[PDB]
Structures are given as C-alpha cells and as structure tokens.
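J.: Take a look at this one; I'll ask things after.
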Amino acid sequence: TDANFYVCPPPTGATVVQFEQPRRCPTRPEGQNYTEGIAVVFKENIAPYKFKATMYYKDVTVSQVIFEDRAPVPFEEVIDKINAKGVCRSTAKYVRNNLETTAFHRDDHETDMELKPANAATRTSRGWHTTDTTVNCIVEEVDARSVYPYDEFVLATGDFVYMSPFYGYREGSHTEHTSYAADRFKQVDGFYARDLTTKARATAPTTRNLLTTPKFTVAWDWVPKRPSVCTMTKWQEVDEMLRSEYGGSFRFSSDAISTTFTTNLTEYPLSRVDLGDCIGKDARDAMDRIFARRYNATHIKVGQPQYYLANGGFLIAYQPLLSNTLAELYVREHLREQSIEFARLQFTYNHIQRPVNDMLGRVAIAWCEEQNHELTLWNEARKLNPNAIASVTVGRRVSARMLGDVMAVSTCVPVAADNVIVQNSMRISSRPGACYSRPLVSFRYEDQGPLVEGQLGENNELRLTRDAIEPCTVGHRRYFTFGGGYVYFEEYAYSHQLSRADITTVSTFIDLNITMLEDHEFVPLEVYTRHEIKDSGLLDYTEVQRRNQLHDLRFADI
Amino acid sequence: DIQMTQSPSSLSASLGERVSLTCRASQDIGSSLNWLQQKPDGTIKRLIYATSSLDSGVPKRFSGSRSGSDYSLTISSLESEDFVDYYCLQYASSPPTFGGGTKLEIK
Amino acid sequence: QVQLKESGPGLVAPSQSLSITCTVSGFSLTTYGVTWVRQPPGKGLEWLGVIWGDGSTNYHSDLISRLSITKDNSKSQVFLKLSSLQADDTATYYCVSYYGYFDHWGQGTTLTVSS
Ligand SMILES: *[C@@H]1O[C@H](CO)[C@@H](O[C@@H]2O[C@H](CO)[C@@H](O[C@@H]3O[C@H](CO)[C@@H](O)[C@H](O)[C@@H]3O)[C@H](O)[C@H]2NC(C)=O)[C@H](O)[C@H]1NC(C)=O
Ligand SMILES: *[C@@H]1O[C@H](CO)[C@@H](O[C@@H]2O[C@H](CO)[C@@H](O)[C@H](O)[C@H]2NC(C)=O)[C@H](O)[C@H]1NC(C)=O
Ligand SMILES: *[C@@H]1O[C@H](CO)[C@@H](O)[C@H](O)[C@H]1NC(C)=O
Ligand SMILES: *[C@@H]1O[C@H](CO)[C@@H](O)[C@H](O)[C@H]1NC(C)=O
C-alpha cells in the first residue's frame, strides 16, 4: 500500500485557533455540595457560511534600477474586458506621491491582452494572470467565510472585507451592514460567468456583486440568506461530570473537557425560549442514552435535569446522580427521621455529605493535576511542530504555523503517489560544497496535468520551494519517507527504494529484543587529508544548541 | 418552530374600500416576512417582500408595514380582482411557515 | 425573467412512491436553490423542503422520513420524491425558486391519491 502525498500551503491567517492553558488546582478540596452526574454542554452556533469569491487587481512597477505597488481594477473593465473577452486593459491608474499617475505595459500603447492560467497554483484555487514600466493584470478565485453576525467575511488571503456578504439591491438587502461608500459597490442582474480556462460562457444567469477595496476588487454571487438554524449546537456529550458549589457559584469539572465551568447557581429558564424543542429535546435524549449505557446498573437519577449558563458562552445541561451505596445511606437515614424522594434530601445530612465531599474532592483535584501535566506537554510539542499537532487535533492532514501566541491553520491539498517523481541526485552543480538536505521531487497536481518543481518534506509532505540546503559531508546515509515505503540515499545519490515492512518496528512501548551491535565508525580518509566535515545525521537538540554557540564564536572572530 | 398567526380569517368589504390585514409571529423574525396572493385557479403571486418592499410590477394599491411584533398588509382601494386569498409568510428561522390565510368577500 | 413548470402523474394509488420534476430557467441551479410547497383542498399552504445550490437539503419535520429531493444542474431540473403516500396527500404541489426569497412560483400540479 501507498499513502497519498500532501502539498500543504502556508496559512495566511484566515483561521486562527487559540489553545487552552494550565489552571490553579486547589491543594486541598474546598467545594461544597459535591455530586456526580451526566452533562451535555452546548456551544453557541456560530453558523459559518462559506462561499467562493473572485479577486481582481493589477501590479505596476518602474523599469529603472523602484516604486512597486498594487491597485484594483475598475468595474467596467471587469464586466466588459474580462467577463466578455477575458482580457485586461494595458493602462493602469494609481496614486504616486499623493498625485494621480498612469502607466503602460512596456510603455508601448493603450491595448488589451488576454489572461493565462497560473503556472502552478492549486486545482481548487485557480488563478490567472497576463504575464508570468511593467504592468500585470491578475485574477484569482479564492474561498471566503462569514460568521453568524454576517457583518464581515474573510477571504482566503487573510484580508477581511468589512461588508455583509448578503448586501445588495435585488431583494431589499440595503439594511445589511456595510462600511464602503455607494460608489465603491455595484451589482449586476442577469450576469453571465465565463471560465477563463475554457471561455465557454455560463449557461444560466447569476446576479453578481462587485466591491472595490483599497487594494483589490472582489466579486461574488449574491445568494439569499438561508433560514436561521438552531442557535445552539451540541459541543460534546460528557460521560461523567462533577458539580461543586463554592463562592456562590457552581463549578463543573470533567476528565475529557479539561476545562472548568462556572455558573451563578441559578438554572437558566430554558423554557423562556421556544428553542427548547431543539436543545431540551436533544439534551434529554442524551441524558437517557448515557445513563442507560453505564449508570442504569449502579446509579439513580436525582430529580429532573438542570440547565445553567457558564462563563464563556456555554450552556451546560445537567442530570445529578448518586451511587447505590450512597442511596442506601440516605434512605436509611430518612427512615430514622421518619420515626423515596432523593430530591430536597441531598446535602441535608451533613454527616453523610462530609465523606462524599472529600472523596469526590480527590477525583476533581486528580483530574486537574493530570490535565495540567498534559496541557503543558501538549503546548510545548505544538510549538515544536504545529503541523503534526494540528493534524491530529482535527483528524486530517492540516497545515499550521504560530503567528506569535496564536496558531494559524489551513487545509492541505492531497496528490496521488503515481503523480510524483524523485530525482536521482540531491547535489547542486551550481556551487560545489553545498547540497540539498532532502531529495528533490517533481510532480503534477492531477493526472496529465503540468509538472511542477518542489522538494520532499517530512511525512510525505511536498514543499514548493527548494531551499533546504546544507554544507555537504562524507559518508552520507539517510532514509526519507516516500509514499508507503522509504527512499534510501547515500553520498547524496539515489541508491534504491524499500518498503515499510523492511525495517524493524518498535510499536510497543518497550522492546528488549533488538538485535543491535557495537557499530564501528568508518570515516573516509579525505576527512583527515582534506579536512572536510563528516556526516553526523540530523542535529540533536544539544547539537543545534551547540552549533549556534560556534556561530557566536565565528561572529566574534569576524 | 416559529408559528405565524393571521387575522382576520375572513373579511367583508365593498368595491373601492380600504382594508388592512395583520399577521403576528410567535418569535422575532426581523424584516424577513413576505405577503402572498393566490388566484381562484391556484396561481400564487408575491405582493410585498422583506416587509413593505413592493414586488416588481405589483399594483401600487398594495402595501405593507410593521408595528412591533405585528406585521400588516394594506390596500388603498379595493378592485374586483383583489377579492382573493392572502397569506403571510416568514423565512427568518427554519422551517419557513405560512399564516392561517385570509379570504376577502363582498359585503 | 424566471419561470418554473411542474410535471407529475396527476393520479397515483396510496402507499406508492410519488415523483415530480420541476423544470426551471432564468437562473443557475449551481448557485440558487428551489423550494417545494403544497396546499390540500380548502387548506392553507404547507412547506415541504428545499434544495440549495450545494447538495445540502432541508425537509419538514412531518415529512423528513418520506420526503427526498434531488436535482440535475445540467438539465436545470429538480426531482421531488415522496414515499408511502396516504389518502390525505391529495394536494397541489408547487416548486418556488430562491433567485429571490420567494419571488417566483410555478403554476403547480394537482395530485390526487386514490386507488
Ligand atoms: C452572574 O451574575 C453576575 C452579577 O449579576 C452577572 O454580571 C452582571 O452582568 C450584567 C449583564 O448581564 C451587567 O450589567 C451591565 O453592566 C454594565 C455596567 O456595569 C453595563 O454595560 C450595562 O448597563 C449593564 O448594567 C452587570 O454589570 C454584571 N455585574 C457584575 C457585578 O459584574 C453575570 O453576567 C452572571 N453570569 C452568568 C454566566 O450568568
Ligand atoms: C448545599 O445545599 C443545601 C441544600 O440545598 C443548602 O442548604 C440550604 O440552603 C438554603 C439557602 O440556600 C436554606 O434555605 C436551607 O434551609 C438549607 N438547607 C436545606 C436542607 O435545604 C446549602 O446552603 C448548600 N451549601 C452551600 C455551601 O451553598
Ligand atoms: C435498566 O435496567 C433494568 C434492570 O435490568 C431494566 O429493566 C431497564 O430496562 C434498564 N433501563 C434502561 C434505560 O436501560
Ligand atoms: C526476546 O523475546 C522473548 C519473548 O519472545 C523474551 O522472553 C526475551 O527475554 C527476549 N530477549 C531479549 C534478549 O530481550
């Protein structure tokens, strides 16, 4: 078998995911009225609306070697030159030194030229341009997303558009939010699209919107707003959650959520809203399902469920429970007082509540300490390799990088293994003494498509930039992941390919049956007579920490 | 779901008389409300959209407005053809729901 | 300009599966959706479902178990399906586009369920 390759692009920042941090676990339990039970937490339905938008812009530069900037394209040029004929006007207008100025392509004359598809781009992010003073016209199709407020929508490039995607004039959408002058927007009725790759023209009309931002022109199809779905969505069904009362506020804790919620001790009147049919129905249905799964044989329900609004925008549904052993103590004590109703009886017998408070207290503290141990370790690995940590946290291969203290994320494009080829050598002939640290690769996004140049990354990743170069060494030997198996390289030359099952695996935590042997270092004689560094494998943490120390010494020498 | 209540179920008026209808929503729907008209043969036509925005080519006599949680439709002068069915419709929350309907008859 | 026309059997037996196709022109189905509405004899209108530009669809809670809608973008036709038809299913079905919110409506087809 062979795994699919991935060409992960660099995220621009359209999607930023903050990540949780450690907490202050109490040294000794202090919460009152401890109790276990089932819970279902609901998150605010952000209602993400995704759509594709076309971006237009031009580039202008001076041939003397200066003054390079970007500017948008007017509306008439997009709907007449580009839409009707797929061509861009040669002349371009811009502001230079706070003064109106113009330019032309090679200063030839006022003419028109057709647009051509981008050389590499992506199959899902098609783009076009007029050329691979100088003027260039560029048109690109990118994705866009909007949230419940629908006041702004972010493009795939990371730039926000302060305007509602549903704004228009066809269906009285003038009331929609907008932050641009009336002269900066235009809507066309009966508009027909034209795929520049084929120029076959659209088959049916689609009203098109057009906006001109200070840096580019954006256009998207105006679609009526869909009916609003339920305002809340099930975030996660908690199998077990402990509730504690302290400081006039409840405290909910779990082992899987890794977060503590706080409420005002008053049940939110869910009945006040007619959405109970969406939340009350889904919530109650989950309580019985979880209860029948494991609590039907050992626990008993205590009254009807409860709903509370927690800090951060979460709605927590609750169903307090108590073990059969604790139930025996309550009924036994109740019989003494008599000389069946668990509600309005729990927390009454202080002597019976004293041991359970301490018992459940250790469980809550244990989860908090364990979660802090995992959170601090997870956060460190996240900074060390956001690609692997981001991919596992979402269940699919994903690209990500840290934009300071927040992590930007984007999706990766997969490519089949039969569409990639690896070069036979990793040495660069342009300059001796330097060679690529990883094998070079050439591939195509799809079968029969154009070939592109790139470099092999980690975990079948395909890098579009060939920059992983390093001073070369003697006795080189490395294994690189390539599809299902591995590709072996020695002395910066392709040797052969081997499968995944041809190498010893240590899947288990501890394996003492490794038939290892005392390796004897064998260095070529050129290391002594020519003083050329010998191979040392990838840099260990101390090696990189020690390697930069030498750089400081070299700088001091200089 | 949002339930729409239309009143009156029926109305009596003379030719050229000024009449008005009212439709109330159980929950807030904003300006997302439309008024429809059905011909005797079953043909359905839209009169007012998005709360008081006259439809393309609709007669000027038709109109609409909002008053708090109550939405209404008004006809300046009634013609012999306007004596047909009318229904209020909302589309703010899923699923869209129609009103109880109103029939206009001669007085 | 936009127009919609329905096409169905007109008469069907109870407990069988219904099939109606609505031909629409004036807008692309790849970007805009189509809604279905019915009206039994003497009663008001009733919403059935809707199919947006994408493959997503929404159905009424009283007909989700039996209602099903599909489409073809090349032919600009939307297929309506309804299984396990009862006696009260007799009603005039209409297909209403989303070029607007509910701007254009079709003529409608009168369907009757009886053996
Ligand atoms: C738990 O209860 C506290 C205390 O009642 C809630 O905090 C209170 O929240 C309200 C809004 O819900 C705040 O009122 C607003 O405050 C400012 C002026 O302070 C102003 O923007 C508005 O005119 C309005 O009055 C109120 O100040 C605030 N009180 C305190 C002491 O912070 C809290 O929201 C409740 N939490 C939950 C999760 O239900
Ligand atoms: C733990 O729960 C018990 C039972 O609800 C609370 O004791 C009651 O408190 C109310 C006021 O909140 C009094 O009117 C009752 O008389 C108390 N006793 C009973 C038997 O209901 C107790 O306050 C809770 N503990 C904390 C720390 O809030
Ligand atoms: C709980 O267990 C009892 C005893 O076996 C059984 O009769 C009952 O159906 C169970 N209830 C649920 C909801 O699983
Ligand atoms: C090899 O594995 C066997 C079990 O298969 C184990 O008992 C034995 O100790 C292992 N030998 C070494 C040297 O680790």
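Ligands are numbered from 1 in the order shown, chains are lettered A, B, ... in the order of the structure tokens, and residues start at 1 in each chain.
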What are the residues of chain C that have an atom within 7 Å of an atom of chain A, counting only C-alpha atoms, as a ChimeraX atom specification?
T.: /C:26-28,32,100-101
J.: Could you list, as a list in words, all residues that come within 9 Å of ligand 4? Count only C-alpha atoms and all ligand atoms.
T.: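 My answer, listing the contacting residues, is residues 511, 512, 513, 514 and 515 of chain A.
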J.: Could you write out the selected residues, including N, CA, C and O atoms, as a CSV table (one decimal), in the first residue's frame?
T.:
```csv
chain,number,residue,atom,x,y,z
A,511,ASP,N,10.8,-2.6,23.9
A,511,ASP,CA,11.1,-3.8,23.1
A,511,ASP,C,12.6,-4.1,23.4
A,511,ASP,O,13.5,-3.3,23.0
A,512,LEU,N,12.8,-5.2,24.1
A,512,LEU,CA,14.2,-5.6,24.5
A,512,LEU,C,14.8,-6.6,23.6
A,512,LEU,O,16.0,-6.9,23.8
A,513,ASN,N,14.1,-7.0,22.5
A,513,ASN,CA,14.6,-8.0,21.6
A,513,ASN,C,15.3,-7.3,20.4
A,513,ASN,O,15.4,-8.0,19.3
A,514,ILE,N,15.9,-6.1,20.5
A,514,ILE,CA,16.6,-5.5,19.4
A,514,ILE,C,18.0,-6.2,19.2
A,514,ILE,O,18.8,-6.1,20.2
A,515,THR,N,18.2,-6.8,18.1
A,515,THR,CA,19.5,-7.5,17.8
A,515,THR,C,20.5,-6.4,17.3
A,515,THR,O,20.9,-6.5,16.1
```
J.: Please identify every residue of chain B that has at least one atom no more than 12 Å from any atom of chain A, counting only C-alpha atoms, and report them as a VMD selection string.
T.: chain B and resid 1 to 3 26 to 34 48 to 56 90 to 97
J.: Compute the set of chain C residues within 7 Å of chain B, using only C-alpha atoms, and express it as a list in words.
T.: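 That gives residues 44, 45, 46, 47, 60, 103, 105 and 107 of chain C for chain C.
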J.: Could you list, as a list in words, all protein and nucleic acid residues with an atom at most 10 Å from ligand 2, counting only C-alpha atoms and all ligand atoms?
T.: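 My answer, listing the contacting residues, is residues 30, 31, 32, 33, 34, 244, 245, 246, 247, 248, 249, 250, 265, 343, 344, 345, 346, 347, 348, 349, 350 and 353 of chain A.
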J.: Can I get the selected residues back with C-alpha atoms, as an mmCIF file, in the first residue's frame?
T.:
```cif
data_model
loop_
_atom_site.group_PDB
_atom_site.id
_atom_site.type_symbol
_atom_site.label_atom_id
_atom_site.label_comp_id
_atom_site.auth_asym_id
_atom_site.auth_seq_id
_atom_site.Cartn_x
_atom_site.Cartn_y
_atom_site.Cartn_z
ATOM 1 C CA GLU A 30 -12.852 23.222 49.344
ATOM 2 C CA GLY A 31 -16.014 22.915 47.240
ATOM 3 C CA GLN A 32 -19.323 22.237 48.971
ATOM 4 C CA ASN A 33 -22.243 20.023 47.936
ATOM 5 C CA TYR A 34 -20.203 17.713 45.728
ATOM 6 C CA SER A 244 -19.316 21.605 43.200
ATOM 7 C CA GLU A 245 -20.582 24.741 44.943
ATOM 8 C CA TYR A 246 -18.065 27.345 46.093
ATOM 9 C CA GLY A 247 -18.042 31.114 46.446
ATOM 10 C CA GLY A 248 -21.682 31.485 45.461
ATOM 11 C CA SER A 249 -21.031 29.808 42.109
ATOM 12 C CA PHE A 250 -21.131 26.234 40.872
ATOM 13 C CA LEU A 265 -26.202 28.874 40.944
ATOM 14 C CA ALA A 343 -34.677 15.489 45.710
ATOM 15 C CA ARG A 344 -34.810 18.090 48.515
ATOM 16 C CA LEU A 345 -32.981 15.499 50.656
ATOM 17 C CA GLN A 346 -29.466 15.514 49.199
ATOM 18 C CA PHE A 347 -26.981 17.756 51.046
ATOM 19 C CA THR A 348 -29.314 17.712 54.070
ATOM 20 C CA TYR A 349 -27.462 15.116 56.170
ATOM 21 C CA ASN A 350 -24.159 16.878 56.800
ATOM 22 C CA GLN A 353 -22.175 14.701 52.910
#
```
J.: Which residues form the shell of 6 Å around ligand 1 when you count only C-alpha atoms and all ligand atoms, given as a list in words?
T.: residues 263, 264, 309, 310 and 311 of chain A
J.: Could you turn the residues from that selection into a file that holds N, CA and C atoms, as a short mmCIF file (atom, residue, chain, number, x, y, z; two decimals), in the first residue's frame?
T.:
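Written out: out-v6.cif:
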```
data_model
loop_
_atom_site.label_atom_id
_atom_site.label_comp_id
_atom_site.auth_asym_id
_atom_site.auth_seq_id
_atom_site.Cartn_x
_atom_site.Cartn_y
_atom_site.Cartn_z
N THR A 263 -21.00 28.83 37.03
CA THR A 263 -22.35 29.35 36.84
C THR A 263 -22.75 30.16 38.06
N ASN A 264 -23.90 30.84 37.96
CA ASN A 264 -24.42 31.70 39.02
C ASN A 264 -25.39 30.99 39.97
N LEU A 309 -26.06 28.53 32.51
CA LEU A 309 -25.22 29.27 31.58
C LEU A 309 -23.87 29.50 32.23
N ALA A 310 -22.82 28.97 31.62
CA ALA A 310 -21.47 29.07 32.14
C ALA A 310 -20.70 30.20 31.47
N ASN A 311 -19.64 30.63 32.13
CA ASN A 311 -18.80 31.70 31.59
C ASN A 311 -18.16 31.24 30.29
#
```
J.: Show me, as JSON lines, the residues of chain A having an atom within 9 Å of ligand 3, each with the closest atom pair and its distance in Å, using only C-alpha atoms and all ligand atoms.
T.:
```
{"residue": "A:288", "atom": "CA", "partner": "ligand 3", "partner_atom_place_in_ligand_line": "13 (C)", "distance": 6.6}
{"residue": "A:289", "atom": "CA", "partner": "ligand 3", "partner_atom_place_in_ligand_line": "13 (C)", "distance": 7.5}
{"residue": "A:291", "atom": "CA", "partner": "ligand 3", "partner_atom_place_in_ligand_line": "13 (C)", "distance": 7.1}
{"residue": "A:292", "atom": "CA", "partner": "ligand 3", "partner_atom_place_in_ligand_line": "14 (O)", "distance": 4.2}
{"residue": "A:293", "atom": "CA", "partner": "ligand 3", "partner_atom_place_in_ligand_line": "14 (O)", "distance": 7.0}
{"residue": "A:294", "atom": "CA", "partner": "ligand 3", "partner_atom_place_in_ligand_line": "14 (O)", "distance": 8.8}
{"residue": "A:295", "atom": "CA", "partner": "ligand 3", "partner_atom_place_in_ligand_line": "1 (C)", "distance": 8.6}
{"residue": "A:296", "atom": "CA", "partner": "ligand 3", "partner_atom_place_in_ligand_line": "1 (C)", "distance": 4.9}
{"residue": "A:297", "atom": "CA", "partner": "ligand 3", "partner_atom_place_in_ligand_line": "2 (O)", "distance": 5.9}
```
J.: Extract, using only C-alpha atoms, all DNA, RNA and protein residues at most 9 Å from residue 93 (chain C), discarding same-chain residues fewer than 6 positions from it, and format them as a ChimeraX atom specification.
T.: /C:6,20,36-40,108-111
J.: Print the selection's residues with C-alpha atoms to a file, as a short mmCIF file (atom, residue, chain, number, x, y, z; two decimals), in the first residue's frame.
T.:
```cif
data_model
loop_
_atom_site.label_atom_id
_atom_site.label_comp_id
_atom_site.auth_asym_id
_atom_site.auth_seq_id
_atom_site.Cartn_x
_atom_site.Cartn_y
_atom_site.Cartn_z
CA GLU C 6 -44.10 21.14 -12.78
CA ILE C 20 -42.48 15.10 -9.63
CA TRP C 36 -41.41 22.89 -2.65
CA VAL C 37 -44.85 23.89 -1.32
CA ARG C 38 -48.19 22.07 -1.24
CA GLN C 39 -51.79 23.05 -0.48
CA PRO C 40 -54.57 20.49 0.12
CA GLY C 108 -48.41 23.94 -9.78
CA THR C 109 -49.69 20.41 -10.41
CA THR C 110 -52.81 18.97 -8.78
CA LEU C 111 -52.09 15.49 -7.40
#
```
J.: Find the residues near residue 65 (chain C): any atom within 12 Å, counting only C-alpha atoms, skip ones fewer than 6 places away on the same chain, and give them as a ChimeraX atom specification.
T.: /C:48,58-59,81-85
J.: Near residue 51 (chain C), within 7 Å and counting only C-alpha atoms, which residues show up once chain neighbours fewer than 5 positions away are dropped, as a PDB file with C-alpha atoms, in the first residue's frame?
T.:
```pdb
ATOM      1  CA  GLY C  33     -31.968  26.603  -4.663  1.00  0.00           C
ATOM      2  CA  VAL C  34     -35.594  25.576  -5.146  1.00  0.00           C
ATOM      3  CA  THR C  35     -38.348  25.148  -2.532  1.00  0.00           C
ATOM      4  CA  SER C  56     -27.469  20.016   1.106  1.00  0.00           C
ATOM      5  CA  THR C  57     -31.232  19.732   1.613  1.00  0.00           C
ATOM      6  CA  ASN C  58     -33.791  20.511   4.322  1.00  0.00           C
ATOM      7  CA  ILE C  69     -35.289  15.857  -3.169  1.00  0.00           C
TER       8      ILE C  69
END
```
J.: So that I can check the secondary structure, give me every residue of chain C assigned strand (DSSP E or B) by backbone DSSP, as a ChimeraX atom specification.
T.: /C:3-7,11-12,18-25,34-39,46-51,57-59,67-72,77-82,91-97,105,109-113
J.: So which residues touch residue 101 (chain A) within 12 Å, counting only C-alpha atoms, skipping near sequence neighbours fewer than 3 positions away, as a PyMOL selection string?
T.: chain A and resi 60+71+91-98+104
J.: Filtering to N, CA and C atoms, could you give me those residues as a tab-separated table (two decimals), in the first residue's frame?
T.:
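Output contents, as saved in out-v2.tsv:
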```tsv
chain	number	residue	atom	x	y	z
A	60	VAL	N	1.95	47.36	-10.88
A	60	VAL	CA	2.66	48.37	-11.67
A	60	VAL	C	4.04	48.58	-11.06
A	71	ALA	N	-2.80	47.97	-7.10
A	71	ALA	CA	-4.01	48.77	-7.22
A	71	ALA	C	-5.13	47.91	-7.77
A	91	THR	N	-3.32	49.93	-19.87
A	91	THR	CA	-3.08	51.05	-18.98
A	91	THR	C	-3.62	50.77	-17.58
A	92	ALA	N	-2.96	51.37	-16.59
A	92	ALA	CA	-3.34	51.23	-15.19
A	92	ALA	C	-3.20	52.59	-14.53
A	93	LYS	N	-4.07	52.84	-13.55
A	93	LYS	CA	-4.08	54.10	-12.81
A	93	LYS	C	-3.73	53.83	-11.35
A	94	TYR	N	-3.01	54.77	-10.75
A	94	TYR	CA	-2.59	54.66	-9.36
A	94	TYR	C	-2.22	56.05	-8.86
A	95	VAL	N	-1.89	56.12	-7.57
A	95	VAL	CA	-1.50	57.36	-6.92
A	95	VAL	C	-0.03	57.27	-6.55
A	96	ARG	N	0.75	58.26	-6.99
A	96	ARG	CA	2.19	58.32	-6.73
A	96	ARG	C	2.50	59.65	-6.07
A	97	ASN	N	3.12	59.59	-4.88
A	97	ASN	CA	3.49	60.79	-4.13
A	97	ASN	C	2.26	61.67	-3.89
A	98	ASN	N	1.13	61.03	-3.60
A	98	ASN	CA	-0.13	61.73	-3.36
A	98	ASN	C	-0.58	62.51	-4.59
A	104	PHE	N	1.81	52.12	-18.42
A	104	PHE	CA	1.52	51.24	-19.54
A	104	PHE	C	2.51	50.09	-19.54
```
J.: Could you give me, as a list in words, the residues within 8 Å of residue 16 (chain B), counting only C-alpha atoms and dropping anything in the same chain fewer than 4 positions from it?
T.: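 The residues satisfying every condition are residues 77, 78 and 79 of chain B.
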J.: Could you pull out the alpha helix (DSSP H) residues of region 11-252 of chain A, going by DSSP on the backbone, and write them as a ChimeraX atom specification?
T.: /A:75-76,83-85
J.: Would you write out those residues with N, CA and C atoms, as a PDB file, in the first residue's frame?
T.:
```pdb
ATOM      1  N   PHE A  75     -14.784  48.650 -12.332  1.00  0.00           N
ATOM      2  CA  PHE A  75     -15.888  47.726 -12.586  1.00  0.00           C
ATOM      3  C   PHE A  75     -16.120  47.493 -14.074  1.00  0.00           C
ATOM      4  N   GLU A  76     -16.135  48.563 -14.877  1.00  0.00           N
ATOM      5  CA  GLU A  76     -16.389  48.403 -16.308  1.00  0.00           C
ATOM      6  C   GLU A  76     -15.365  47.492 -16.976  1.00  0.00           C
ATOM      7  N   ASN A  83     -14.892  39.850 -18.359  1.00  0.00           N
ATOM      8  CA  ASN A  83     -16.035  38.945 -18.453  1.00  0.00           C
ATOM      9  C   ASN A  83     -16.448  38.661 -19.893  1.00  0.00           C
ATOM     10  N   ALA A  84     -16.493  39.682 -20.750  1.00  0.00           N
ATOM     11  CA  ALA A  84     -16.935  39.456 -22.124  1.00  0.00           C
ATOM     12  C   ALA A  84     -15.852  38.880 -23.029  1.00  0.00           C
ATOM     13  N   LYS A  85     -14.577  39.211 -22.795  1.00  0.00           N
ATOM     14  CA  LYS A  85     -13.491  38.727 -23.644  1.00  0.00           C
ATOM     15  C   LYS A  85     -12.302  38.135 -22.902  1.00  0.00           C
TER      16      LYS A  85
END
```
